[PDB]
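Visitor: Sharing the initial chains of the complex here, in place:
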Amino acid sequence: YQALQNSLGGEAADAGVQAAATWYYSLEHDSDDXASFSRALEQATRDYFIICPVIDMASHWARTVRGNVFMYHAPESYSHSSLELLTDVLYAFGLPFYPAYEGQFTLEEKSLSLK
């Protein structure tokens, strides 16, 4: 209950926003499958808190001529969950080339990181 209300609420929702998001993302408040419920909630909160605010800021920055705007998106990965860095930081800072991670990255990940 608290996970669903706190996520999309706390000045982020009235009783109507919660219901609309529940419909849109198929969020089941009274389930016991923490796995499925967490997956649906994580999809709901990633868009609300992370992805859509990024797109809104890029749109505002381009629409009002505040500077040059360039957007990327790093698609889903399954490979390096032991590292707390996400895919965009791991490639942008060149972790496939770190001596501490020798033997853990393919030559394709090294080549992608270098680009």
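Guide: It's in. Residues are numbered from 1 along each chain as shown, chains lettered A, B, ... in the order given.

Visitor: Secondary structure element for the residue nearest to the spatial centre of chain A, which one?
Guide: Geometric centre of chain A, nearest residue: residue A:46, 4.9 Å, by Cα atoms, centre = their mean. Here residue A:46 sits within helix A:34-46, counting by DSSP states H and E.

Visitor: Helices of chain A, residue ranges please.
Guide: Counting by DSSP state H, chain A has these helices, from start to end: A:2-8, A:15-25, A:34-46, A:52-63, A:87-92, A:107-114.

Visitor: Could you save those as JSON lines and add columns showing distance to residue A:98?
Guide: (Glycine included, C-beta is placed from N, CA and C.) Shown next, in JSON lines, are these (distance: least, Cβ to Cβ, whole Å):
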{"stretch": "helix A:2-8", "distance to residue A:98": "35"}
{"stretch": "helix A:15-25", "distance to residue A:98": "38"}
{"stretch": "helix A:34-46", "distance to residue A:98": "28"}
{"stretch": "helix A:52-63", "distance to residue A:98": "27"}
{"stretch": "helix A:87-92", "distance to residue A:98": "10"}
{"stretch": "helix A:107-114", "distance to residue A:98": "10"}
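
Visitor: ok so, going back, show me what contacts the residue nearest to the centre of chain A?
Guide: Listed by Cβ atoms under 8 Å, 6 or more residues apart in numbering, residue A:46 has no contact partners.

Visitor: include chain B too:
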Amino acid sequence: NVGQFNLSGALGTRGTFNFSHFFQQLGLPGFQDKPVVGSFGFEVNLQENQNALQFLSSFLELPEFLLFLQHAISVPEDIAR
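Guide: Placing chain B onto the earlier chains gives this:
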């Protein structure tokens, strides 16, 4: 009731299958209300057998099962005896 061994009013103990030996291997009192060997030297996992009994009980409640039965009755005996 088969899954929960609530069988005192449905099963007697006169039959030739040895229920006392079966329950002794399982560490169970009997009818309520190591490799374990059951009938004919089959190795028995009680939790798998109880899951299988639960599966059939819900399998018999599916409205899809009646439709399956209706369609399966019509399959020719030439291809399915």
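
Visitor: The residue nearest to the centre of chain A and residue A:38: what is the separation?
Guide: According to Cβ to Cβ, to the nearest Å, residue A:46 stands 12 Å off from residue A:38.

Visitor: hang on, isn't residue A:28 packed against residue A:37?
Guide: Yes - with contact defined as Cβ atoms under 8 Å, residue A:28 reaches residue A:37; the gap is 6.4 Å.

Visitor: Tell me which of these two has more neighbours.
Guide: Between residue A:28 and residue A:37, counted using other Cβ atoms under 10 Å in any protein chain shown, the more crowded position is residue A:37 (17 against 13).

Visitor: close enough to count as contact, the more buried one and residue A:31?
Guide: Yes - using Cβ under 8 Å, residue A:37 makes contact with residue A:31 at a distance of 5.1 Å.

Visitor: mind listing what the nearest residue to residue A:25 once chain neighbours are set aside touches?
Guide: Spatial nearest neighbour of residue A:25, chain neighbours left out: residue A:44 (4.2 Å); criterion: Cβ to Cβ, 6 or more residues apart in numbering or on different chains. If you count contacts by Cβ atoms under 8 Å, 6 or more residues apart in numbering or on different chains, residue A:44 has them with A:7, A:8, A:21, A:24, A:25, A:27.

Visitor: and if you look at residue A:20?
Guide: Per Cβ under 8 Å, 6+ apart, neighbours of residue A:20: none.

Visitor: build in chain C:
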Amino acid sequence: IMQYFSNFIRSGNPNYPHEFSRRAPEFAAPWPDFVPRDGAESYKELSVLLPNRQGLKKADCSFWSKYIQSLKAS
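Guide: Placed with the earlier chains, chain C looks like this:
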């Protein structure tokens, strides 16, 4: 399509012209039953190949039947 509709009128099943015969239809592909569960909900598409498809307008009809019918229920 006239054979589908004639079969339903005669026997209550678009696949069979007779109530007491269950020989498979040969004029076209069989028409599945409508099973009201997610993943099922099959229909016959009335196009040239007469294919069987699943979940007509699933997103749009969820909007009207779940979200909108709950807005009108409050």
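
Visitor: now with chain C: the contacts of residue A:20?
Guide: Residues counted as contacts of residue A:20 (Cβ under 8 Å, 6+ apart) are residue C:67.

Visitor: I'd like to know how many residues surround the nearest residue to residue A:38 once chain neighbours are set aside.
Guide: Spatial nearest neighbour of residue A:38, excluding adjacent residues (Cβ to Cβ, 6+ apart): residue A:3 at 8.0 Å. Using other Cβ under 10 Å, residue A:3 has 14 other residues around it.

Visitor: pretty sure residue A:3 contacts residue A:42?
Guide: No - contact criterion Cβ under 8 Å: residue A:3 and residue A:42 do not qualify, at 10.4 Å.

Visitor: Give me the common contacts of those two.
Guide: What both residue A:3 and residue A:42 touch, as defined by Cβ under 8 Å, 6+ apart, is an empty set.

Visitor: Against residue B:59, how distant is the residue in chain B that chain C sits nearest to?
Guide: Residue of chain B nearest chain C, by Cβ to the nearest Cβ: residue B:74 (3.7 Å). Using Cβ to Cβ, residue B:74 is found at 21 Å from residue B:59.

Visitor: before we move on, back to that, quick one: residues contacting the residue of chain B closest to chain C.
Guide: Residues in contact with residue B:74 (Cβ under 8 Å, 6+ apart) are residue C:22.

Visitor: Can you give me the distance of it to residue C:27?
Guide: Going from residue B:74 to residue C:27 by Cβ to Cβ gives 18 Å.
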